[PDB]
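Here's protein21.cif, which has mmCIF, C-alpha atoms and all ligand atoms:
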```cif
data_protein
loop_
_atom_site.label_atom_id
_atom_site.label_comp_id
_atom_site.auth_asym_id
_atom_site.auth_seq_id
_atom_site.Cartn_x
_atom_site.Cartn_y
_atom_site.Cartn_z
CA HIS A 3 10.65 17.91 12.71
CA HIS A 4 10.45 14.92 10.37
CA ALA A 5 8.71 14.26 7.05
CA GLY A 6 4.95 13.97 6.89
CA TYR A 7 2.00 15.11 4.78
CA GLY A 8 1.85 18.81 5.67
CA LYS A 9 2.73 21.94 3.68
CA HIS A 10 6.11 22.28 5.38
CA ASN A 11 7.06 18.60 5.60
CA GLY A 12 5.02 17.05 2.81
CA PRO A 13 6.13 14.83 -0.12
CA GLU A 14 7.70 17.80 -1.90
CA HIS A 15 10.16 18.23 0.98
CA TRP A 16 11.19 14.61 1.36
CA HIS A 17 14.09 14.79 -1.11
CA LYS A 18 16.11 16.91 1.33
CA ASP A 19 16.39 14.05 3.83
CA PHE A 20 16.05 11.29 1.22
CA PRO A 21 17.77 12.18 -2.12
CA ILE A 22 16.43 8.98 -3.67
CA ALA A 23 13.07 10.77 -3.70
CA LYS A 24 14.15 12.15 -7.10
CA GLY A 25 15.40 8.72 -8.17
CA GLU A 26 14.94 6.66 -11.31
CA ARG A 27 12.26 4.26 -10.05
CA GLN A 28 10.07 6.08 -7.53
CA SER A 29 6.43 5.38 -6.71
CA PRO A 30 3.72 5.90 -7.05
CA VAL A 31 3.17 6.56 -10.75
CA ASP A 32 0.21 7.27 -13.02
CA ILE A 33 -0.88 4.19 -14.94
CA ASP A 34 -1.65 5.08 -18.55
CA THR A 35 -4.00 2.23 -19.49
CA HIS A 36 -3.40 2.85 -23.18
CA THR A 37 0.40 2.71 -23.00
CA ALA A 38 0.57 -0.30 -20.65
CA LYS A 39 1.28 -3.35 -22.81
CA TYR A 40 0.03 -6.90 -22.30
CA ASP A 41 3.00 -9.09 -21.35
CA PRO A 42 2.78 -12.78 -22.42
CA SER A 43 5.78 -13.77 -20.29
CA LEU A 44 3.90 -13.02 -17.07
CA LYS A 45 3.01 -16.25 -15.26
CA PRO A 46 -0.25 -16.61 -13.29
CA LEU A 47 -0.42 -14.57 -10.08
CA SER A 48 -0.74 -16.64 -6.90
CA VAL A 49 -2.15 -15.11 -3.71
CA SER A 50 -2.12 -17.74 -0.94
CA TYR A 51 -3.58 -16.15 2.19
CA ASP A 52 -5.39 -19.21 3.59
CA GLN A 53 -2.90 -19.58 6.45
CA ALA A 54 -2.48 -15.84 7.15
CA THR A 55 -1.96 -14.97 10.83
CA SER A 56 -2.71 -11.37 11.81
CA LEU A 57 -1.42 -10.27 15.21
CA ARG A 58 -1.80 -6.55 15.70
CA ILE A 59 -2.95 -3.23 14.29
CA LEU A 60 -0.90 -0.10 14.92
CA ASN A 61 -1.24 3.62 14.25
CA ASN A 62 2.29 4.67 13.33
CA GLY A 63 1.49 8.30 12.56
CA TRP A 64 1.54 7.66 8.81
CA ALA A 65 -1.24 5.10 8.54
CA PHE A 66 -2.47 2.07 10.43
CA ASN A 67 -0.78 -1.29 9.85
CA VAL A 68 -2.39 -4.68 10.25
CA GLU A 69 0.68 -6.76 11.11
CA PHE A 70 1.03 -10.48 10.38
CA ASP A 71 3.28 -13.22 11.73
CA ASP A 72 5.90 -13.74 9.02
CA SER A 73 8.22 -15.92 11.10
CA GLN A 74 6.99 -18.76 8.93
CA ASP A 75 5.89 -19.51 5.37
CA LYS A 76 2.13 -18.93 5.46
CA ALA A 77 0.52 -16.03 3.59
CA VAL A 78 2.55 -15.70 0.39
CA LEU A 79 2.48 -13.99 -2.99
CA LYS A 80 4.10 -15.76 -5.96
CA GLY A 81 3.90 -15.88 -9.74
CA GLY A 82 3.16 -13.06 -12.15
CA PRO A 83 6.31 -10.97 -12.57
CA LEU A 84 7.64 -12.54 -9.39
CA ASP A 85 10.54 -14.95 -8.95
CA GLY A 86 10.49 -16.97 -5.74
CA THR A 87 8.31 -16.47 -2.69
CA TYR A 88 7.25 -13.24 -1.00
CA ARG A 89 5.86 -13.34 2.54
CA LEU A 90 3.07 -11.04 3.75
CA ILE A 91 4.27 -8.82 6.59
CA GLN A 92 1.67 -6.05 6.81
CA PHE A 93 -1.02 -4.12 4.98
CA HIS A 94 -2.18 -0.52 5.31
CA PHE A 95 -4.16 2.10 3.40
CA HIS A 96 -3.81 5.56 1.97
CA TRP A 97 -6.90 7.77 1.83
CA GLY A 98 -8.01 11.36 1.30
CA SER A 99 -10.00 14.07 3.03
CA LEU A 100 -12.62 13.66 0.28
CA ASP A 101 -13.75 10.77 -1.93
CA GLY A 102 -12.19 12.40 -5.00
CA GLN A 103 -8.65 11.74 -3.79
CA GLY A 104 -6.61 9.43 -1.60
CA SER A 105 -4.94 6.84 -3.84
CA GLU A 106 -1.21 6.95 -4.55
CA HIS A 107 -1.25 5.29 -7.95
CA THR A 108 -3.63 6.85 -10.47
CA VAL A 109 -5.27 5.32 -13.55
CA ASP A 110 -5.23 7.68 -16.55
CA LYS A 111 -4.83 10.42 -13.94
CA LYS A 112 -7.92 9.23 -12.07
CA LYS A 113 -7.56 9.33 -8.28
CA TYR A 114 -9.44 6.77 -6.17
CA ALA A 115 -10.81 7.38 -2.66
CA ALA A 116 -8.12 5.15 -1.17
CA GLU A 117 -5.48 2.51 -1.89
CA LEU A 118 -4.65 -0.67 0.02
CA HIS A 119 -1.04 -1.89 0.11
CA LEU A 120 -0.31 -5.51 1.02
CA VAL A 121 3.42 -5.65 1.71
CA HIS A 122 5.43 -8.83 1.15
CA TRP A 123 9.18 -9.53 1.34
CA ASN A 124 11.32 -11.94 -0.70
CA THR A 125 12.14 -14.93 1.50
CA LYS A 127 15.45 -15.43 -0.31
CA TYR A 128 16.72 -12.43 1.65
CA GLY A 129 15.93 -13.88 5.04
CA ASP A 130 14.20 -10.91 6.65
CA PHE A 131 12.40 -7.67 5.83
CA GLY A 132 15.34 -5.52 6.87
CA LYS A 133 17.69 -7.20 4.41
CA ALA A 134 15.05 -7.41 1.69
CA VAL A 135 14.49 -3.64 1.45
CA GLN A 136 18.17 -3.29 0.52
CA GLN A 137 17.57 -5.35 -2.63
CA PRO A 138 16.06 -4.22 -5.96
CA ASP A 139 13.73 -7.22 -5.83
CA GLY A 140 13.33 -7.30 -2.06
CA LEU A 141 9.65 -6.40 -1.80
CA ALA A 142 6.43 -7.15 -3.64
CA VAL A 143 3.50 -4.84 -2.92
CA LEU A 144 -0.03 -5.72 -4.03
CA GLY A 145 -1.98 -2.52 -4.61
CA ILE A 146 -5.77 -2.39 -4.55
CA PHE A 147 -7.89 0.70 -5.25
CA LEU A 148 -10.91 1.60 -3.14
CA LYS A 149 -13.94 3.50 -4.41
CA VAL A 150 -16.93 4.68 -2.37
CA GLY A 151 -20.15 2.74 -2.84
CA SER A 152 -21.43 -0.45 -1.22
CA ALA A 153 -19.73 -1.49 2.01
CA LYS A 154 -17.01 -4.10 2.12
CA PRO A 155 -18.03 -6.71 4.71
CA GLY A 156 -14.50 -8.02 5.11
CA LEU A 157 -13.25 -4.56 6.07
CA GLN A 158 -15.67 -3.83 8.91
CA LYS A 159 -13.54 -5.68 11.48
CA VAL A 160 -10.73 -3.24 10.71
CA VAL A 161 -13.01 -0.21 10.86
CA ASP A 162 -14.43 -1.21 14.25
CA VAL A 163 -11.04 -1.20 16.03
CA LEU A 164 -9.86 2.18 14.71
CA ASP A 165 -11.35 3.93 17.76
CA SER A 166 -8.84 2.06 19.91
CA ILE A 167 -5.79 3.32 17.98
CA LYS A 168 -6.87 6.89 17.27
CA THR A 169 -3.43 8.41 17.85
CA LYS A 170 0.19 7.82 16.87
CA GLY A 171 1.79 5.04 18.89
CA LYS A 172 -1.40 3.18 19.80
CA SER A 173 -1.74 -0.50 18.92
CA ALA A 174 -4.31 -3.19 19.61
CA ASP A 175 -4.59 -6.97 19.37
CA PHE A 176 -5.89 -7.92 15.96
CA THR A 177 -5.83 -11.69 15.56
CA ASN A 178 -7.68 -13.92 13.14
CA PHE A 179 -8.28 -11.27 10.49
CA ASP A 180 -8.61 -12.70 6.97
CA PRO A 181 -7.10 -10.42 4.29
CA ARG A 182 -8.82 -12.44 1.57
CA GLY A 183 -11.94 -10.46 2.36
CA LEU A 184 -10.26 -7.35 0.95
CA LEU A 185 -9.52 -8.81 -2.49
CA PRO A 186 -11.52 -7.99 -5.62
CA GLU A 187 -13.06 -10.68 -7.83
CA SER A 188 -10.47 -10.33 -10.60
CA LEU A 189 -6.69 -10.52 -10.28
CA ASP A 190 -5.97 -8.57 -13.47
CA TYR A 191 -3.01 -6.34 -12.69
CA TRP A 192 -0.46 -3.87 -13.99
CA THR A 193 3.16 -4.25 -12.88
CA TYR A 194 6.33 -2.15 -12.87
CA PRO A 195 9.51 -1.76 -10.81
CA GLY A 196 9.24 0.92 -8.12
CA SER A 197 9.87 2.07 -4.56
CA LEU A 198 8.51 2.33 -1.10
CA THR A 199 6.16 5.32 -1.15
CA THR A 200 7.18 6.52 2.32
CA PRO A 201 10.65 7.37 3.65
CA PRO A 202 13.17 6.00 3.18
CA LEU A 203 11.69 5.47 -0.30
CA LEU A 204 14.02 2.56 -1.11
CA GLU A 205 13.75 1.35 -4.71
CA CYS A 206 13.27 -2.26 -3.66
CA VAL A 207 9.69 -2.84 -4.77
CA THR A 208 8.05 -4.78 -7.55
CA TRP A 209 4.59 -3.23 -7.76
CA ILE A 210 1.49 -5.28 -8.57
CA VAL A 211 -1.57 -3.06 -8.93
CA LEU A 212 -4.98 -4.65 -9.49
CA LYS A 213 -7.24 -3.16 -12.16
CA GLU A 214 -10.49 -3.99 -10.35
CA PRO A 215 -11.25 -1.80 -7.33
CA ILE A 216 -13.09 -2.95 -4.24
CA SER A 217 -16.03 -0.84 -3.04
CA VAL A 218 -16.26 0.57 0.48
CA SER A 219 -19.13 2.46 2.10
CA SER A 220 -18.86 6.18 2.78
CA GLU A 221 -19.37 5.26 6.43
CA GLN A 222 -16.34 2.97 6.41
CA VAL A 223 -14.03 5.58 4.83
CA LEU A 224 -15.34 8.28 7.17
CA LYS A 225 -14.05 6.24 10.11
CA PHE A 226 -10.69 6.10 8.39
CA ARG A 227 -10.80 9.89 8.47
CA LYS A 228 -11.28 10.04 12.24
CA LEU A 229 -7.78 8.74 12.92
CA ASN A 230 -5.05 11.14 14.08
CA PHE A 231 -1.52 11.86 12.79
CA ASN A 232 -0.69 13.26 16.23
CA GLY A 233 -0.04 11.43 19.47
CA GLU A 234 -2.39 11.20 22.45
CA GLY A 235 -2.86 14.56 24.16
CA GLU A 236 -1.54 16.70 21.30
CA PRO A 237 -3.44 19.13 19.03
CA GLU A 238 -5.71 17.01 16.83
CA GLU A 239 -4.47 16.58 13.28
CA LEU A 240 -6.87 14.34 11.36
CA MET A 241 -5.13 11.54 9.48
CA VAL A 242 -6.33 12.36 5.96
CA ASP A 243 -4.56 12.75 2.61
CA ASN A 244 -1.66 10.52 3.69
CA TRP A 245 -0.83 9.75 0.06
CA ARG A 246 2.21 10.51 -2.09
CA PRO A 247 1.46 11.96 -5.54
CA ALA A 248 2.40 10.30 -8.84
CA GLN A 249 6.14 10.38 -9.62
CA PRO A 250 8.02 10.52 -12.98
CA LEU A 251 7.87 7.21 -14.86
CA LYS A 252 11.33 7.82 -16.31
CA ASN A 253 12.90 4.81 -18.06
CA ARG A 254 10.14 2.36 -17.09
CA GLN A 255 7.38 0.42 -18.80
CA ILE A 256 4.16 -0.69 -17.14
CA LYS A 257 3.09 -4.19 -18.18
CA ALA A 258 -0.46 -5.56 -18.12
CA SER A 259 -1.39 -9.13 -17.16
CA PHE A 260 -4.49 -9.03 -19.35
CA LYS A 261 -5.53 -7.72 -22.77
ZN ZN B 301 1.46 2.28 1.28
#
```
Any chance you could give the structure as structure tokens?
Ligand SMILES: [Zn+2]
Amino acid sequence: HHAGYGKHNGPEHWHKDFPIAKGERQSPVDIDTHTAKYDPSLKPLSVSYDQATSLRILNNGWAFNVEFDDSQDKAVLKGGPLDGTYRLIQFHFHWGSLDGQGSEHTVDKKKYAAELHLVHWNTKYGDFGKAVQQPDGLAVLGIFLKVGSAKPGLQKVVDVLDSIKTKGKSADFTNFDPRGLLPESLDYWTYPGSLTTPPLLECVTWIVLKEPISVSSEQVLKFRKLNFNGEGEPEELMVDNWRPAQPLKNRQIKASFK
């Protein structure tokens, strides 16, 4: 009996096992576009994914992760609010049971159909395990998904989902280019936050892009065919695996644009 996204083990229960759930810098949060202030000190954001090396895709009962080889300095995120180099380790999505919900962060209370999280860790801390124990250990690039035209660069991911339908299943996923999941503009809000799943460590600098990518209804539907459960157990569809907006508390969201 562990945390999850159900009525008896959902986000509202998670504080019992993880007190930090009611912390001072939890995510996600609602982004009030009118209160977010342009920050001149922010340097240009640099997303260098040309040498990215994907290796596997895994259904971990919470989402599916496309894992990358981070044993070396290849796919990195730098600049913006960021000091030093952050290495891409994995990316995953959160999505809903319907197009009207699914994203973790919200924009003026608006909920998107889904949200992509590209997770990177600060190389100054040597490894991901050590990085999550630091306030500036992680940088997560957040990208909203809306339903409309299909995203060509996402189809490769959609096509393998049938092979990792249940919790614990994984499949080879080499040569996938994450650049195909990026929107045209790199305009972003930024604020200090957490992991959005247990253990909810407040080790994350959040970079959330303003421009959404569009995915087809067909692509998201195949998201919704995944299972939270393991092979051979009662089918629980993997839908609404998102944590709701959390109190902003003593934080300010900064904008990279005007
Ligand atoms: Zn996430």
Counting only C-alpha atoms and all ligand atoms, figure out which residue out of A:227, A:213, A:80, A:119 gets nearest to ligand ZN 301 (chain B). A:119
Distance atom CA of residue A:245-atom CA of residue A:54, one decimal place? 26.6 Å
Using all atoms listed in the file, determine which residues fall within 9 Å of ligand ZN 301 (chain B), then list them as a VMD selection string. chain A and resid 65 93 to 96 106 117 to 121 143 145 198 to 200 245 to 246
With all atoms listed in the file as the atoms that count, which of A:90, A:212, A:57, A:223 lies nearest to residue A:164?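 Among A:90, A:212, A:57, A:223, it is A:223 that comes nearest to residue A:164.
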Using only C-alpha atoms, determine which residues lie at most 6 Å from residue A:107, disregarding the query and same-chain residues fewer than 3 positions distant; provide the list as a list in words.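 The residues satisfying every condition are residues 30, 31 and 32 of chain A.
Checking A:214, A:205, A:180, A:238 one by one against residue A:26, counting all atoms listed in the file, you find the shortest gap at A:205.
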Of the candidates A:37, A:78, A:159, A:224, which shows the shortest atom-to-atom distance to residue A:100, using only C-alpha atoms?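 Checking each of A:37, A:78, A:159, A:224 against residue A:100, counting only C-alpha atoms, the winner is A:224.
For the pair atom CA of residue A:97 and atom CA of residue A:18, the interatomic distance is 24.8 Å.
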Measure the distance from atom CA of residue A:77 to atom CA of residue A:216 in Å and round it to one decimal.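 Atom CA of residue A:216 lies at a distance of 20.4 Å from atom CA of residue A:77.
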Can you pull out the residues contacting residue A:33? Cut-off 9 Å, using all atoms listed in the file, and skip same-chain residues under 2 positions away; I want them as a PyMOL selection string. chain A and resi 31+35-38+107-111+192+256
Under the rule that all atoms listed in the file are counted, which of A:103, A:74, A:87, A:177 is the nearest residue to residue A:141?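 The shortest atom-to-atom distance to residue A:141 comes from A:87.
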Among listed residues A:242, A:218, A:60, A:210, nearest residue A:167 (using all atoms listed in the file): A:60
Padding 3 Å on every side, please: axis-aligned box over the listed atoms of stretch 141-153 of chain A, centre and edge lengths to one decimal in Å, as AutoDock Vina command-line options.
```
--center_x -5.9 --center_y -1.2 --center_z -1.6 --size_x 37.1 --size_y 17.8 --size_z 13.3
```
